[PDB]
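This is what each chain is made of:
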Amino acid sequence: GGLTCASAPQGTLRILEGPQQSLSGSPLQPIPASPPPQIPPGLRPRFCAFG
Amino acid sequence: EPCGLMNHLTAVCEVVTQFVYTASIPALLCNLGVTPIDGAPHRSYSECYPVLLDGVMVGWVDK
């Protein structure tokens, strides 16, 4: 029950949970481009010149 | 006169108002590589970042 002292420890192993692999996909997923505005189909002159 | 003082938020922006508890986050950080304050990190300090979880000093992460 004396509990004598011991020598100096050489190395200290650190145990830790691993990096989060297979979380990010190898291609990227962007928000798609909002489309450029279209001229709508079915546009015709509705105004006739009077008389 | 109130130019630059009275700003207005953007549309997407929002103020965080939900108050939650931060009990498991220090144990989660120390389960990752956060060596806490009282123990010694495996590299020297000045190659270690402080970690500050909402005002509370937590540990010393290796670089």
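Quick look at the structure, then.

Let's talk about the interface of chain A and chain B
Right, so step 1: Counting residues at the interface gives four residues for chain A, matched by seven residues for chain B.
Right, so step 2: With both sides pooled, the region where chain A packs onto chain B buries about 470 Å², and carbon together with sulfur makes up 46% of that total.
Right, so step 3: In this assembly, chain A and chain B are joined by zero salt bridges.
Right, so step 4: Linking chain A with chain B are four residue pairs in polar contact, by the criterion used here.
Right, so step 5: Residue classes in the side of chain A that touches chain B are distributed as one nonpolar, one polar and two charged.

Examining the pattern of salt bridges
Residue and element names in this part refer to chain B.
Right, so step 1: The tally for this structure, following the rule as stated, stands at one salt bridge over all chains.
Right, so step 2: Between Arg43 and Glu47 there is a salt bridge, with the nearest N and O atoms lying 2.7 Å from each other.
Right, so step 3: For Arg43, a relative accessible area of 36% puts it in the partly exposed group.
Right, so step 4: Of the residues examined, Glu47 reaches a relative accessible area of 25% and is grouped as partly exposed.

The rules behind these values
- Residues numbered from 1 in each chain as written, not as in the entry; some residues may be left out.
- Chains lettered and ligands numbered in written order.
- Part of a larger assembly, values for the part shown.
- Heavy atoms only, no water.
- Contact = heavy atoms within 4.5 Å.
- Buried area = accessible area lost by both parts, 1.4 Å probe.
- Salt bridge = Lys/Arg side-chain N within 4 Å of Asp/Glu carboxyl O.
- Polar contact = N/O pair within 3.5 Å; in protein donor to acceptor, adjacent residues only side chain to side chain.
- Nonpolar A, V, L, I, M, F, W, Y, C, P; charged D, E, K, R; others polar.
- Buried < 20%, exposed > 50% of the residue type's maximum accessible area, 1.4 Å probe, protein only.

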